[PDB]
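Only one chain is given next, in structure tokens, and it is the form deposited in one PDB entry.
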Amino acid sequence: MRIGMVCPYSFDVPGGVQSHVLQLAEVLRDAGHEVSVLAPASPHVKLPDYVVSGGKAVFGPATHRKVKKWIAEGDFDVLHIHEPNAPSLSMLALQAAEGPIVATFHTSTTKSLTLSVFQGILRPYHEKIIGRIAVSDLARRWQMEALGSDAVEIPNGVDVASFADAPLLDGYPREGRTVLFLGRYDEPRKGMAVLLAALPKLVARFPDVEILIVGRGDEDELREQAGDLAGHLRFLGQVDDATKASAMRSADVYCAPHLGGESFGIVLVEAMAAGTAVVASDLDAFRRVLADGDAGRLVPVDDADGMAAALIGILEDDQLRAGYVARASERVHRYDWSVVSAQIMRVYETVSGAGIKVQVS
């Protein structure tokens, strides 16, 4: 198989979609397939030579040509499009392409905002997608309600062994204990304000806590907000993946205090693969990763003092924690790429046939 994939986002920054596409590509090549990845210009990062640039959004004419040419020249058995929002690189590809098209819908909000987008003026184009992948069962059911055709739920994957076998960061684990936060801490939806509001109760119990923070942001503003407790914040910046795996595996707990906006809790999966216990907001996506409290602690959404207690309960009860970790490590095999790339491949096989190729409309 020759598989064309389109990522709508630059690889210049980390994200769930970017990282899904690149690992999926790598995994597919290791099975003997040829994969070509189209994405916007990512000049700031070293990419393998199978990643092709769609240009920079200001998308202009050179990009429309590049997409038509990449399809026409690519000899693809399947075109796999990710997040075809309008406007986007993916949606451009979906409008230019004819034939064996697969789409993954990484995000959703509501039933209504799925029926309308699918059944609206972009319907003609959404109907061209022959294999439709949703990242949850409810999302999948919405797509089925919308267009009257079969969609499939397939979770995003991880490489479970790259966390499980990550080397510890130096000086770890710590005796005062660490809690990990990962993400762009200054979008409110990521819930840094909740972890911040829980720091005083945490610090009054573990007076040598560290909050290990992965992600880009304004350390100055957060330091200023932690007030007298800013000494407890250790910022790794936007670290690389191997150091991120090391960071997760050297923390005693991972804190996901998100306020909303999450369709798949992929960082939670990364913590479960690492063998690090999880404490999470309890958005619907986190509830399904953690299995209703079986593989991690779920805290109500905007609950500062419930979040303190949870993290304190996890850190002072070693058997409770070791339980989570052991249960989570059994379950996380669900998400491992060898499960997930198999499901995706059965979609590729459904959609494609003896010498049928993707062509330009």
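So that there is no doubt, residue numbering starts at 1 and follows the sequence shown. Shifts are known only where both forms have a C-alpha. The term rigid core refers to the maximal set of C-alpha atoms that superpose within 1.5 Å between the two forms.
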> Is it true that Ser149 has no coordinates in a third or more of the other entries in the comparison?
Replying inline: yes
> Taking the other compared PDB entries with both flanking residues modelled, is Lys190 unmodelled in at least a third?
Replying inline: no
> Per the entry, how many residues of the deposited chain go unmodelled between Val58 and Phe59: none, 1 to 3, 4 to 9, or 10 or more?
Replying inline: 10 or more
> Among the modelled residues of its chain, does the C-alpha B-factor of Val289 lie in the lowest, middle or highest third?
Replying inline: highest
>> Ranking the modelled residues of this chain by C-alpha B-factor as given in the entry, is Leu212 in the lowest, middle or highest third?
In response: lowest
>> Please say which third, lowest, middle or highest, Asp159 falls into when its CA temperature factor is compared across its chain.
In response: lowest
>> Quick check for you: using the entry's CA B-factors within this chain, is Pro40 in the lowest, middle or highest third?
In response: lowest
>> By the recorded C-alpha temperature factor, relative to the other modelled residues in its chain, which third is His82 in?
In response: middle
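A second form of this protein, the form deposited in another entry, is not displayed here; the remarks below concern that form.
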>> Given a cut-off of 2 Å on Cα movement between this form and the one not shown, rigid core as reference, pick the single residue from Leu229, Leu115, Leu196, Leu283 that exceeds or meets it.
In response: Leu115
> Out of closer and farther, which fits the Cα atoms of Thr110 and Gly157 in that other deposited form compared with this form, where the change is 3 Å or more?
Replying inline: closer
> Which way does the C-alpha gap of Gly157 and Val117 go in that other deposited form, closer or farther, given it changes by 3 angstroms or more?
Replying inline: farther
> Which bits shift between this form and the one not shown if the core is lined up, counting only runs of three or more residues where every C-alpha moves 2 Å or more?
Replying inline: 109 to 119
